[PDB]
Amino acid sequence: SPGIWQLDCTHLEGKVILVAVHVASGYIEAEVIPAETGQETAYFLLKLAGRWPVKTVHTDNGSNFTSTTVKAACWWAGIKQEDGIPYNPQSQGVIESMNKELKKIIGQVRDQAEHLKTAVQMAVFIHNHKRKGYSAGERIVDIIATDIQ
Amino acid sequence: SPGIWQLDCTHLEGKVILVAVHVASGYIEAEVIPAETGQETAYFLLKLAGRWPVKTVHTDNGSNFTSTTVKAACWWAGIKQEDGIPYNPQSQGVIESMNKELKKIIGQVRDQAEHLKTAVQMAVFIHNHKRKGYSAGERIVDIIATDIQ
Amino acid sequence: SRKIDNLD
Amino acid sequence: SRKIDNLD
Ligand SMILES: [Cl-]
Ligand SMILES: [Cl-]
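Protein chains in written order, with the working numbering: chain B, 77 to 225; chain S, 77 to 225; chain P, 2 to 9; chain W, 2 to 9.
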């Protein structure tokens, strides 16, 4: 569980926001892309796994699960690629609530940014620093440090 | 010291690799951009500061120190922008060695990637996971967790 | 443009 | 292309 992340893809402004969630902390990383392709997903996972110790990724849909480019990135970076079936039905609800919260934040910053990619990064920043008590960014560092020790 | 990062800009293949180094651990994040503008530098620092608790950034040159776009991102994200004057001459040496190491890694992977951006993320991943004993990715999490406690 | 990412 | 980022 320190190594487990969930991919999540949401839409806004005719564009696609790809999100990775560190499940045990709620910490996120995200990017804006024109469309979700296996190549964009593969590159985003290579980036994530060079930055945090990613052991397992639950893919966001069957096309990224199937995609051989996504499988090649997971092989390269040492990630176990898994499906994202919510065997726990609470998983579904947690992701939907996250997407609605991110979109709310993005609307609160949206007029400070010309481009959507800035607004999304401002929303990642606000989400990860929000104290709910500890922030998501504090929780993920604590979890991983505990694991390393 | 847990919060201090140094920007560093290096060139390859007619393109610019922008790097942020966490000084106490040697951990890095990096991106490829066409050229090093205050807008690209500002966006890169917004990204970094949403992912780690960035307290201080030593800018890589006087143009990004001066840039009002960079100062506006540092204001937005709560970052103290500082100069990168190597009052400790050891600093120039460490950065130069890091650029030569990264370029070495990039040439070791370069044929596995069509685009330079991929090879650079593969080199981030190799750099951060290399045990020298702990890796840089282990050191940065331990340092910051120690700080949070 | 009066934006963080476009000060113009 | 026989590349991680371009399997073609
Ligand atoms: Cl799509
Ligand atoms: Cl340049």
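All C-beta atoms in this analysis are idealised placements derived from N, C-alpha and C, irrespective of residue type, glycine included.
- Residue environment: S/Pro78 is assigned as buried (16 or more neighbouring CB atoms within 10 Å of its CB, all protein chains considered).
- For S/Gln82, the number of other beta carbons within 10 angstroms of its own is at least 16, and it is reported as buried.
- Residues of chain B with a Cβ closer than 7 Å to the Cβ of S/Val200 are, in chain order, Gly126.
- Look at B/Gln82: its C-beta is not under 9 Å from any C-beta on chain W.
- For B/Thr132, none of the residues of chain S pass the 9 Å Cβ criterion, the least Cβ distance being about 17 Å.
- Cβ contact annotation for B/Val146 (same chain, cutoff 6 Å, sequence separation greater than five): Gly114, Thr117, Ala118 and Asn140, in chain order.
- Every alpha helix (DSSP H) of 4 residues or more that sits fully in the stretch 118-185 of chain B is shown, in chain order, as 138-142, 144-153 and 165-185.
- For B/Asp159, none of the residues of chain S pass the 7 Å Cβ criterion, the least Cβ distance being about 24 Å.
- When 8 Å is used as the limit between beta carbons, S/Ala149 is near these residues of chain P: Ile5, in chain order.
- Contact check for S/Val196 against S/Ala106 passes: the beta carbons are separated by less than 9 Å.
- Within the same chain, Cβ atoms closer than 8 Å to the Cβ of S/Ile155 are found at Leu121, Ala125, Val130, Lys131, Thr132, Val133 and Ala149, the five residues on either side in sequence being excluded.
- Annotated as distal: S/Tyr103 and B/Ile224, with beta-carbon spacing of 9 Å or more.
- Taking a Cβ-Cβ cut-off of 9 Å, the neighbours of B/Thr145 in chain W comprise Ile5, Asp6, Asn7 and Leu8, given in sequence order.
- With a 10 Å radius around the Cβ and a threshold of 16 neighbouring Cβ atoms, P/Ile5 comes out buried.
- Comparing C-alpha distances from W/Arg3 to each of S/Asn164, S/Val200, S/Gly183 and S/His191 shows the shortest one belongs to S/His191.
- In chain order, the residues that have a beta carbon nearer than 6 Å to some heavy atom of ligand 2 are S/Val92, S/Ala111 and S/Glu112.
- The C-beta distance from S/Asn204 to S/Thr86 rounds to 17 Å, too long to fall under 8 Å, and the pair is not in contact.
- The DSSP-derived three-state label of S/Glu214 is helix.
- Of all residues in the stretch 93-126 of chain S, none places a beta-carbon less than 7 Å from a beta-carbon of chain W.
- Put simply, of B/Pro110, B/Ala100, B/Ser101 and B/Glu177 the residue whose alpha carbon is nearest the alpha carbon of B/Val92 is B/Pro110.
- For B/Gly213, the chain S residues whose C-beta falls within less than 7 Å of its own C-beta are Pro129, listed in chain order.
- For B/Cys150, the distance from the CB to the nearest heavy atom of ligand 1 is not below 8 Å.
- Contact check for B/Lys193 and B/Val108: beta-carbon distance about 4 Å, within the 8 Å limit, so the pair qualifies.
- Looking at the DSSP output, B/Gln82 bridges to B/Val97 and B/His134.
- For B/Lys208, the three-state secondary structure derived from DSSP is coil.
- Per DSSP, reduced to three states, the secondary structure at W/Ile5 is coil, with no helix or strand assignment.
- Closest in C-alpha terms to S/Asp159, from the list S/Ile202, S/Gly183, S/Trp152 and S/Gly138, comes S/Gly138.
- Under a 10 Å Cβ-count criterion, B/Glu172 is classified as exposed, with fewer than 16 other Cβ atoms of the shown protein chains found around its own Cβ.
- One thing to note: S/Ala221 has its Cβ within 9 Å of the Cβ of B/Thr222.
- The secondary-structure analysis by DSSP pairs S/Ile109 across a beta bridge with S/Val92.
- A Cβ-Cβ distance of about 4 Å is found for the pair S/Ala199 and S/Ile181, placing them in contact under the 8 Å criterion.
- Taking a C-beta distance under 9 Å as the contact criterion, B/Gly90 and S/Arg127 do not qualify as a contact pair.
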